[PDB]
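What follows is a short report on a single structure.
Cβ sites come from the backbone with ideal geometry, for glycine too, and all protein chains shown count toward neighbours. Numbers and lists here come from the model and the stated rules, or from a named source; nothing here is a laboratory result.
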Ligand code: HEM
Ligand code: HEM
Ligand SMILES: Cc1ccncc1CCCNCc1ccc2ccc(N)nc2c1
Ligand SMILES: Cc1ccncc1CCCNCc1ccc2ccc(N)nc2c1
Ligand SMILES: C[C@H](O)[C@H](O)[C@H]1CNc2nc(N)[nH]c(=O)c2N1
Ligand SMILES: C[C@H](O)[C@H](O)[C@H]1CNc2nc(N)[nH]c(=O)c2N1
Ligand SMILES: [Zn+2]
């Protein structure tokens with residue numbers, strides 16, 4: 001690998017130089033003969049595996065606070081090494097945990113929102129022992145992050161993995177999501193994405209209202225025990241009914257969505273340590289709701305219904321009736337959130353901010369890993385600046401990772 | 001290993017074995033992906049490449065290891081020995097050109113790959129000859145609006161000092177002019193090429209949509225200017241089926257997209273002039289040509305006529321105007337009976353093509369970054385389709401612009 005890799009923006013002709021890729025730690029899935037850039041996803045660490053991973057991270061941390069090679073750095077190194085040697089693992093200091101979480105976000109190549117990476121409230125939940133305790137921590141997170149509509153990014157970090165048989169897990173994919181119900185006739189009520197999880201909740205004892213927008217209960221696993229069900233207090237769940245500034249009929253569609261996107265099924269990796277329960281939240285880019293949640297054929301799938309209300313010619317694809325309806329739905333989502341003073345960002349503003357962030361990162365850090373396939377929004381790609389921006393994708397640690405769904409691996413007691 | 005690609009909407013899983021055939025580099029490594037980067041002979045080099053190609057050709061016609069196949073290899077080897085190169089048979093040229101298209105990972109139009117009219121222009125020696133061949137291509141491909149895919153192939157590279165080149169990036173394009181007030185008139189993408197034409201004696205009309213002359217280089221000589229006969233240049237005035245004011249924008253485009261600056265590589269041989277043409281997908285014109293900030297950049301004017309509120313981005317005024325412009329382009333071509341395909345129909349055909357290719361070929365190299373359309377991405381099926389990208393030969397390649405190489 002050459003020391004300097006250059007990226008060009010084809011619209012501005014700006015050329016940036018990447019050196020940070022030299023710090024890449026993991027595989028992308030690509031090789032010199034194949035690219036897997038559009039592939040969605042292309043037992044514990046031993047003492048000897050853990051040693052260099054910890055040192056790599058501790059070095060990175062002390063370099064970041066301008067104390068590299070200091071007495072405190074050398075002492076922390078020795079202390080960590082001693083701990084790994086005597087206990088097969090180690091515990092992060094609060095400072096290091098905070099640094100690690102912010103950097104996992106900073107390193108998330110798929111995230112367009114990273115200009116915000118240094119403003120992340122970190123909740124240390126490593127003292128948690130029970131599902132009830134996890135419930136308490138999660139409620140506090142939701143309330144803090146929601147902030148009456150003035151959303152604040154946050155992460156709550158539960159105890160790290162030990163032997164792999166005592167994992168903390170949030171079984172939910174996001175803290176707040178809507179149930180989906182498969183009907184005897186093959187139709188689906190609610191969110192089809194969530195049918196499997198909904199069925200699991202029902203089996204565990206959840207009594208479902210069986211509506212279109214039912215907030216799912218939390219299914220929480222502490223210390224490897226069987227997961228337990230909890231209802232999020234509804235006053236903590238901020239929702240926005242969707243209406244359109246021109247179309248008075250849009251409200252009659254009965255759509256709404258929740259304000260807080262809070263992904264809860266990822267794994268946070270810091271210094272070789274694995275935090276299998278680390279729910280984090282930011283705020284929405286409008287297209288996540290207006291394009292994907294509402295218009296994906298396998299999701300709420302509303303294009304036809306909206307197009308019919310718009311009196312559109314739906315006989316030919318070339319009338320672009322779908323595209324026309326898609327825009328109006330996204331206008332409505334943004335309009336409804338702004339009207340209710342719930343933080344949201346449009347895809348133009350978000351990508352423009354991301355470009356500035358990327359330029360700053362190249363300047364101060366020597367690069368910014370970015371996954372074009374994910375960064376470019378799902379509508380109007382080329383009229384956003386990110387479409388024209390060459391990117392380099394690579395994996396830096398600390399990082400957020402995918403992990404298997406817990407019902408697939410859980411040993412029921 | 002066999003690699004699986006999944007469609008996340010349909011849950012269809014395909015199995016790729018074809019990638020195992022590639023030997024050319026992608027640009028990525030195990031540690032860095034360059035998937036969004038635009039651009040990541042000798043006798044000794046020549047024979048194995050030739051052999052590789054002759055082998056797959058005789059395999060494709062189910063006569064691998066035949067007397068014909070063996071005689072051909074023997075023939076090619078002697079020819080490389082005694083002349084430092086070799087000449088393709090007509091059958092081989094056609095097979096190779098079709099497969100370069102078939103292997104073009106960035107092309108969403110590949111369901112048409114085996115329907116390609118190949119014009120053999122390897123006997124051409126002068127720019128005048130090049131002009132004749134190109135006029136014939138344009139006339140055949142245009143076909144009064146019923147567009148037909150075609151490629152015209154000029155003599156291959158010999159020593160690199162006698163290249164045939166079409167200096168135009170496409171056979172038909174619009175001039176761009178830098179103005180005193182620092183603005184650009186016409187297509188800003190073509191400002192440089194336009195200046196070269198002017199320098200060489202082209203008298204510019206200095207309008208918004210002036211069809212550029214052809215600038216043609218034969219056998220490494222200085223390029224020469226030619227005017228395409230205007231009756232051969234099919235154009236479409238853009239109007240809108242609802243907005244009667246849209247025609248007042250004075251917009252038009254040409255019907256024939258004919259890319260002329262790529263290099264066609266077959267069996268180690270390099271065809272530096274190989275203009276090829278198909279037909280448009282509407283977004284090429286309506287989104288990129290018309291709405292790129294660096295191109296005609298019409299969103300603001302259009303949004304004005306639509307009386308949209310343009311104070312805040314979150315009104316999505318850009319997205320609204322964008323859809324209407326793309327409706328106009330499709331409507332206009334269709335009303336004039338000029339072949340064009342919308343991004344919905346095109347991507348749908350591409351998914352079917354992928355399925356065909358996995359079934360009969362073991363895979364289909366595809367570049368998601370290029371395949372997904374520049375508007376309404378996730379409401380087309382390719383957005384949800386995992387793709388594998390790898391490099392197969394015969395292929396179309398980029399080459400440097402001739403004005404950065406040519407000594408006059
Ligand atoms: C502050 C506002 C934020 C915005 C506007 C934002 C925006 C986005 C968007 C639009 C995506 C693509 C999601 C999809 O299409 O499914 C994404 C992905 C991602 N975000 Fe951000 N994000 C924000 C905050 C955060 C925070 C606070 C974290 C972690 C601390 C984070 C970590 C990630 C990760 C790891 C991904 C990749 C997800 C995956 O691969 O499934 N983001 N972000
Ligand atoms: C017949 C109808 C066709 C359609 C609708 C079509 C569609 C497209 C589109 C939309 C692109 C993206 C181009 C861009 O965004 O600049 C593309 C790329 C490409 N097409 Fe096709 N195409 C067609 C025929 C052909 C033919 C006949 C050939 C060659 C014989 C071809 C070879 C290529 C190549 C090499 C690329 C990649 C261009 C690059 O890398 O710059 N296509 N196609
Ligand atoms: C996991 C999966 C598999 C197949 N299809 C779709 C998915 C969903 C992708 C999950 N990632 C969603 C995600 C993650 C982090 C986010 C952070 C902020 C934000 N606004 N949205 C996010 C959205
Ligand atoms: C030339 C260039 C330089 C820098 N960045 C970007 C580019 C754009 C690449 C141009 N490719 C255009 C192209 C190629 C083949 C096509 C075939 C059919 C068709 N309808 N359009 C095509 C359009
Ligand atoms: C096949 C493809 O990789 C897949 O559909 C991806 C494309 N890009 C994406 N980009 C974002 N932001 N979110 C997604 O879910 C996806 N899905
Ligand atoms: C940076 C990025 O690679 C570049 O803008 C690409 C993105 N995808 C594209 N896709 C198509 N079809 N055509 C293009 O010119 C581009 N440009
Ligand atoms: Zn790659």
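Can you confirm whether the range B:60-69 contains a residue that is within 14 Å of chain A (Cβ to nearest Cβ), assigned to a helix (DSSP H, G or I) and surrounded by 13 or more Cβ atoms within 10 Å (Cβ to Cβ)?
Kept after step one, since they are within 14 Å of chain A (Cβ to nearest Cβ), are these residues of the range B:60-69: none.
The answer is no; no qualifying residue exists.
When residues of the range A:369-382 are filtered for being assigned to a helix (DSSP H, G or I) and closer than 15 Å to residue A:114 by Cβ, how many remain? It would help to see each step written out before you state the result.
Let us first name the residues in the range A:369-382 that are assigned to a helix (DSSP H, G or I), namely A:372-375, A:381-382.
Within this subset, residues satisfying the condition of being closer than 15 Å to residue A:114 by Cβ are A:372, A:374-375.
Matching residues across the range A:369-382 total 3.
Does any residue of the range A:378-397 turn out to be under 19 Å from the mean Cα position of the chain (by Cα), within 28 Å of residue A:242 (Cβ to Cβ) and within 11 Å of chain B (Cβ to nearest Cβ)?
Step one: of the range A:378-397, the residues under 19 Å from the mean Cα position of the chain (by Cα) are A:378, A:393-397.
Now narrow it down to the ones that are within 28 Å of residue A:242 (Cβ to Cβ): A:378.
Now narrow it down to the ones that are within 11 Å of chain B (Cβ to nearest Cβ): A:378.
Yes, because at least one residue in the range A:378-397 is under 19 Å from the mean Cα position of the chain (by Cα), within 28 Å of residue A:242 (Cβ to Cβ) and within 11 Å of chain B (Cβ to nearest Cβ).
Criterion first (crowded, with 23+ Cβ neighbours inside 10 Å and closer than 20 Å to residue B:174 by Cβ) does residue B:253 satisfy it? Let's see the steps before the verdict.
Values: crowded, with 23+ Cβ neighbours inside 10 Å: yes; closer than 20 Å to residue B:174 by Cβ: yes.
Considered against the rule, which asks whether it is crowded, with 23+ Cβ neighbours inside 10 Å and closer than 20 Å to residue B:174 by Cβ, residue B:253 comes out as yes.
Which residue out of A:341, A:356 is away from ligand 1 (no atom under 16 Å from the Cβ) and either under 23 Å from residue A:288 (Cβ atoms) or part of a helix (DSSP H, G or I) (or both)? Quick ask: steps written out before the conclusion?
Details: A:356 fails: away from ligand 1 (no atom under 16 Å from the Cβ).
Result of the check over A:341, A:356: A:341.
Pick out the one residue from B:366, B:303 that is under 30 Å from residue B:51 (Cβ atoms) and either not assigned by CATH to the domain that holds residue B:110 or not in a helix (DSSP H, G or I) (or both).
On the way: B:303 fails: under 30 Å from residue B:51 (Cβ atoms).
Exactly one residue qualifies, and that residue is B:366.
Considering each residue of the range A:104-131, count those that are part of a helix (DSSP H, G or I) and either away from ligand 3 (no atom under 16 Å from the Cβ) or touching a strand residue (DSSP E or B) at 6+ places or on another chain (Cβ under 8 Å) (or both), and give that number. Don't jump to the end; show me each part of the working.
Taking the range A:104-131 as the starting set, the residues that turn out to be part of a helix (DSSP H, G or I) are A:104-106, A:114-116, A:131.
Now restrict to residues that are either away from ligand 3 (no atom under 16 Å from the Cβ) or touching a strand residue (DSSP E or B) at 6+ places or on another chain (Cβ under 8 Å) (or both): A:104-105, A:131.
The qualifying residues number 3.
Could you pull out the residue among B:205, B:237, B:241 that is touching a helix residue (DSSP H, G or I) at 6+ places or on another chain (Cβ under 6 Å) and more than 29 Å from residue B:124 (Cβ to Cβ)? Talk me through it step by step, then tell me what you get.
On the way: B:205 fails: touching a helix residue (DSSP H, G or I) at 6+ places or on another chain (Cβ under 6 Å); B:237 fails: touching a helix residue (DSSP H, G or I) at 6+ places or on another chain (Cβ under 6 Å).
Testing whether each residue is touching a helix residue (DSSP H, G or I) at 6+ places or on another chain (Cβ under 6 Å) and more than 29 Å from residue B:124 (Cβ to Cβ) leaves just B:241.
Residues being buried (at least 16 other Cβ atoms within 10 Å of the Cβ) and more than 7 Å from chain A (Cβ to nearest Cβ): count how many of those fall in the range B:22-34. Explain how you work it out, then say what you get.
Initially, the range B:22-34 is screened for residues buried (at least 16 other Cβ atoms within 10 Å of the Cβ), giving B:22, B:26-29, B:31-34.
Keeping just the survivors that are more than 7 Å from chain A (Cβ to nearest Cβ) gives B:27.
Residues flagged as buried (at least 16 other Cβ atoms within 10 Å of the Cβ) and more than 7 Å from chain A (Cβ to nearest Cβ) within the range B:22-34 amount to 1.
Please verify whether the range B:266-280 includes one or more residues that are assigned to a helix (DSSP H, G or I), touching a helix residue (DSSP H, G or I) at 6+ places or on another chain (Cβ under 8 Å), surrounded by 24 or more Cβ atoms within 10 Å (Cβ to Cβ) and within 14 Å of chain A (Cβ to nearest Cβ).
Applying the first criterion (assigned to a helix (DSSP H, G or I)) to the range B:266-280 yields none.
For the range B:266-280, residues assigned to a helix (DSSP H, G or I), touching a helix residue (DSSP H, G or I) at 6+ places or on another chain (Cβ under 8 Å), surrounded by 24 or more Cβ atoms within 10 Å (Cβ to Cβ) and within 14 Å of chain A (Cβ to nearest Cβ): absent.
What are the residues in the range B:229-254 that are touching a strand residue (DSSP E or B) at 6+ places or on another chain (Cβ under 6 Å) and under 19 Å from residue B:166 (Cβ atoms), if any?
Within the range B:229-254, B:233, B:254 meet the criteria.
Specify which of the listed residues (B:117, B:87, B:112) is more than 14 Å from chain A (Cβ to nearest Cβ), away from ligand 4 (no atom under 16 Å from the Cβ) and surrounded by fewer than 21 Cβ atoms within 10 Å (Cβ to Cβ). Break it down stepwise before answering.
Numbers: B:117 fails: away from ligand 4 (no atom under 16 Å from the Cβ); B:112 fails: away from ligand 4 (no atom under 16 Å from the Cβ).
Criteria check complete, one pass: B:87.
Evaluate the following for residue A:411: is it over 21 Å from residue B:299 (Cβ atoms), away from chain B (no Cβ under 12 Å) and touching a strand residue (DSSP E or B) at 6+ places or on another chain (Cβ under 6 Å)? So that I can check it myself, show each step before the final result.
Details: over 21 Å from residue B:299 (Cβ atoms): yes; away from chain B (no Cβ under 12 Å): yes; touching a strand residue (DSSP E or B) at 6+ places or on another chain (Cβ under 6 Å): no.
No; evaluated as a whole, the condition is false for this residue.
Going through B:316, B:330 one at a time, which residue ends up being away from ligand 7 (no atom under 16 Å from the Cβ), touching a strand residue (DSSP E or B) at 6+ places or on another chain (Cβ under 8 Å) and within 8 Å of another protein chain (Cβ to nearest Cβ)? Walk me through it before giving the result.
Numbers: B:316 fails: touching a strand residue (DSSP E or B) at 6+ places or on another chain (Cβ under 8 Å).
The unique qualifying residue is B:330.
Report every pair of residues separated by at least 6 positions or lying on different chains whose Cβ atoms are under 9 Å apart, first residue within the range B:186-198 and at positive phi, second surrounded by 22 or more Cβ atoms within 10 Å (Cβ to Cβ) and in a helix (DSSP H, G or I).
From the range B:186-198, the pairs are B:186/B:194.
Of all residues in the range A:18-45, how many are under 15 Å from residue A:271 (Cβ atoms) and assigned to a loop (DSSP other than H, G, I, E, B)? Show your work before the answer.
Residues of the range A:18-45 under 15 Å from residue A:271 (Cβ atoms): A:23, A:25-26, A:44-45.
Filter once more, so that each one left must be assigned to a loop (DSSP other than H, G, I, E, B): A:25-26, A:44-45.
Residues meeting the conditions: 4.
Any chance the range B:3-14 includes a residue that's within 27 Å of the chain's Cα centre (by Cα), more than 16 Å from ligand 5 (Cβ to nearest atom) and within 14 Å of chain A (Cβ to nearest Cβ)?
No, there is no match, as no residue in the range B:3-14 is within 27 Å of the chain's Cα centre (by Cα), more than 16 Å from ligand 5 (Cβ to nearest atom) and within 14 Å of chain A (Cβ to nearest Cβ).
Results for (1) within 13 Å of chain A (Cβ to nearest Cβ); (2) surrounded by fewer than 21 Cβ atoms within 10 Å (Cβ to Cβ), shown as yes or no for each residue.
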residue	(1), (2)
B:304	no, yes
B:312	yes, yes
B:340	yes, no
B:343	yes, no
B:347	yes, no
B:360	no, yes
B:363	yes, no
